[PDB]
Amino acid sequence: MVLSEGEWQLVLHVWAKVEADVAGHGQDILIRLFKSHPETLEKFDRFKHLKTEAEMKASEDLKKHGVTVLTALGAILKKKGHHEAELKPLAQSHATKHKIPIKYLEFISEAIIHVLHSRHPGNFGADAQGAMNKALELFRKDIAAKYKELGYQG
Ligand code: HEM
């Protein structure tokens, strides 16, 4: 699939706002993921013990990881589709080391959309959300294709 320049502009415009507070956005997104789909928390040996949202909010380690994740996602989005290089190491670790099914990538996509919608209503109207969804679908399709090449496609 291919996004138009106009769609990339809507994506990068809302992402510029997210970048004003990467740590806060990372926290909100991961917590949303873990609360909505608790099964995903089981994949993290380091966070598996967190029992409540309060505990999740207080975790310095979870917050640091959220920053790592958003920074990696941000680099991919800024490539505007030309992310083959950035996708390789990411797909390898998530397929082979962490073993993350595509289904879980859909869950985090939903968490990202939910948080942008709550925090940036003025910059995340219907068109902007459509563009973000298309960007994340492209991301998932390309990761799924790499998963298959690596022997996982899980
Ligand atoms: C937009 C989606 C995603 C991005 C950009 C992303 C990015 C990253 C990055 C950059 C790291 C660091 C180095 C590495 O291991 O490759 C990481 C680690 C990891 N990721 Fe993701 N990830 C995503 C989604 C997921 C999902 C949905 C799951 C699980 C439900 C997952 C589970 C993990 C685990 C288990 C680790 C290692 C945590 C640790 O160091 O203890 N990832 N991810």
# chains A, B, ... in the order shown; residues from 1 in each chain; ligands from 1
$ residues_around --residues "residue 1 of chain A" --least-positions-apart "3" --cutoff "10 Å" --atoms "only C-alpha atoms" --output "PyMOL selection string"
chain A and resi 81+134-135+137-139+141-142
$ residues_around --residues "residue 147 of chain A" --least-positions-apart "3" --cutoff "12 Å" --atoms "only C-alpha atoms" --output "list in words"
residues 87, 88, 89, 90, 91, 92, 93, 94, 95, 96, 99, 100, 101, 102, 140, 141, 142, 143, 144, 150, 151, 152, 153 and 154 of chain A
$ closest_atom_pairs --of "chain A" --to "ligand 1" --cutoff "7 Å" --atoms "only C-alpha atoms and all ligand atoms" --output "JSON lines"
{"residue": "A:40", "atom": "CA", "partner": "ligand 1", "partner_atom_place_in_ligand_line": "30 (C)", "distance": 4.1}
{"residue": "A:41", "atom": "CA", "partner": "ligand 1", "partner_atom_place_in_ligand_line": "30 (C)", "distance": 6.3}
{"residue": "A:43", "atom": "CA", "partner": "ligand 1", "partner_atom_place_in_ligand_line": "35 (C)", "distance": 5.0}
{"residue": "A:44", "atom": "CA", "partner": "ligand 1", "partner_atom_place_in_ligand_line": "35 (C)", "distance": 4.5}
{"residue": "A:45", "atom": "CA", "partner": "ligand 1", "partner_atom_place_in_ligand_line": "41 (O)", "distance": 6.1}
{"residue": "A:46", "atom": "CA", "partner": "ligand 1", "partner_atom_place_in_ligand_line": "41 (O)", "distance": 5.2}
{"residue": "A:68", "atom": "CA", "partner": "ligand 1", "partner_atom_place_in_ligand_line": "10 (C)", "distance": 5.5}
{"residue": "A:69", "atom": "CA", "partner": "ligand 1", "partner_atom_place_in_ligand_line": "7 (C)", "distance": 4.3}
{"residue": "A:70", "atom": "CA", "partner": "ligand 1", "partner_atom_place_in_ligand_line": "5 (C)", "distance": 6.4}
{"residue": "A:72", "atom": "CA", "partner": "ligand 1", "partner_atom_place_in_ligand_line": "5 (C)", "distance": 5.1}
{"residue": "A:73", "atom": "CA", "partner": "ligand 1", "partner_atom_place_in_ligand_line": "5 (C)", "distance": 4.3}
{"residue": "A:89", "atom": "CA", "partner": "ligand 1", "partner_atom_place_in_ligand_line": "16 (O)", "distance": 6.6}
{"residue": "A:90", "atom": "CA", "partner": "ligand 1", "partner_atom_place_in_ligand_line": "16 (O)", "distance": 4.9}
{"residue": "A:93", "atom": "CA", "partner": "ligand 1", "partner_atom_place_in_ligand_line": "16 (O)", "distance": 4.9}
{"residue": "A:94", "atom": "CA", "partner": "ligand 1", "partner_atom_place_in_ligand_line": "16 (O)", "distance": 6.3}
{"residue": "A:98", "atom": "CA", "partner": "ligand 1", "partner_atom_place_in_ligand_line": "35 (C)", "distance": 4.9}
{"residue": "A:100", "atom": "CA", "partner": "ligand 1", "partner_atom_place_in_ligand_line": "29 (C)", "distance": 5.6}
{"residue": "A:104", "atom": "CA", "partner": "ligand 1", "partner_atom_place_in_ligand_line": "27 (C)", "distance": 4.6}
{"residue": "A:105", "atom": "CA", "partner": "ligand 1", "partner_atom_place_in_ligand_line": "27 (C)", "distance": 4.4}
{"residue": "A:107", "atom": "CA", "partner": "ligand 1", "partner_atom_place_in_ligand_line": "27 (C)", "distance": 6.7}
{"residue": "A:108", "atom": "CA", "partner": "ligand 1", "partner_atom_place_in_ligand_line": "27 (C)", "distance": 5.3}
{"residue": "A:109", "atom": "CA", "partner": "ligand 1", "partner_atom_place_in_ligand_line": "1 (C)", "distance": 6.7}
$ write_last_selection --atoms "N, CA and C atoms" --output "compact mmCIF listing (two decimals), in the first residue's frame"
# COMPACT_ATOMS: atom_id res chain seq x y z
N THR A 40 -1.02 -9.36 26.64
CA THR A 40 0.20 -8.79 26.09
C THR A 40 1.27 -8.56 27.18
N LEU A 41 0.84 -8.27 28.40
CA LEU A 41 1.77 -8.03 29.50
C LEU A 41 2.63 -9.27 29.79
N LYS A 43 4.18 -11.11 27.78
CA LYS A 43 5.36 -11.19 26.93
C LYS A 43 6.55 -10.45 27.51
N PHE A 44 6.31 -9.60 28.50
CA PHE A 44 7.37 -8.82 29.12
C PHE A 44 7.82 -9.40 30.46
N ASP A 45 8.96 -10.09 30.45
CA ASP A 45 9.50 -10.68 31.68
C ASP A 45 9.76 -9.61 32.73
N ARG A 46 10.16 -8.43 32.27
CA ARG A 46 10.46 -7.30 33.14
C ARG A 46 9.27 -6.59 33.77
N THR A 68 11.69 4.22 24.37
CA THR A 68 12.42 3.43 23.39
C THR A 68 11.52 3.01 22.23
N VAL A 69 10.31 2.54 22.56
CA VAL A 69 9.33 2.13 21.56
C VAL A 69 8.86 3.28 20.66
N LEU A 70 8.48 4.41 21.27
CA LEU A 70 8.00 5.55 20.49
C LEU A 70 9.07 6.18 19.63
N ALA A 72 11.54 4.49 18.27
CA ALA A 72 11.71 3.58 17.14
C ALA A 72 10.57 3.75 16.13
N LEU A 73 9.34 3.85 16.63
CA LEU A 73 8.16 4.03 15.77
C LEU A 73 8.25 5.38 15.05
N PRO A 89 15.89 -5.03 11.81
CA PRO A 89 16.25 -5.46 13.16
C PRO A 89 15.06 -5.60 14.08
N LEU A 90 14.04 -4.79 13.82
CA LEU A 90 12.83 -4.79 14.63
C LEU A 90 12.03 -6.08 14.43
N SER A 93 14.04 -9.22 16.00
CA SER A 93 13.91 -9.39 17.44
C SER A 93 12.48 -9.74 17.87
N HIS A 94 11.47 -9.14 17.24
CA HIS A 94 10.09 -9.44 17.64
C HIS A 94 9.58 -10.79 17.17
N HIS A 98 11.41 -12.14 20.99
CA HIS A 98 10.21 -11.88 21.78
C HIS A 98 8.98 -12.70 21.40
N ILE A 100 6.30 -12.09 19.01
CA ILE A 100 5.11 -11.28 19.05
C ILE A 100 4.23 -11.47 17.84
N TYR A 104 -0.98 -8.93 18.23
CA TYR A 104 -0.54 -7.99 19.28
C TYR A 104 -0.12 -6.63 18.71
N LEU A 105 0.38 -6.63 17.48
CA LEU A 105 0.77 -5.38 16.84
C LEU A 105 -0.52 -4.63 16.52
N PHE A 107 -3.21 -4.75 18.45
CA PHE A 107 -3.61 -4.23 19.76
C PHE A 107 -2.87 -2.93 20.12
N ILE A 108 -1.57 -2.86 19.87
CA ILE A 108 -0.84 -1.64 20.20
C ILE A 108 -1.21 -0.51 19.25
N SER A 109 -1.58 -0.85 18.01
CA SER A 109 -1.98 0.16 17.03
C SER A 109 -3.24 0.85 17.54
$ residues_around --residues "residue 50 of chain A" --least-positions-apart "3" --cutoff "12 Å" --atoms "only C-alpha atoms" --output "ChimeraX atom specification"
/A:31,34-35,38,41-42,44-47,53-59,61-62
$ closest_residue --among "A:77, A:2, A:10, A:111" --to "residue 36 of chain A" --atoms "only C-alpha atoms"
A:111
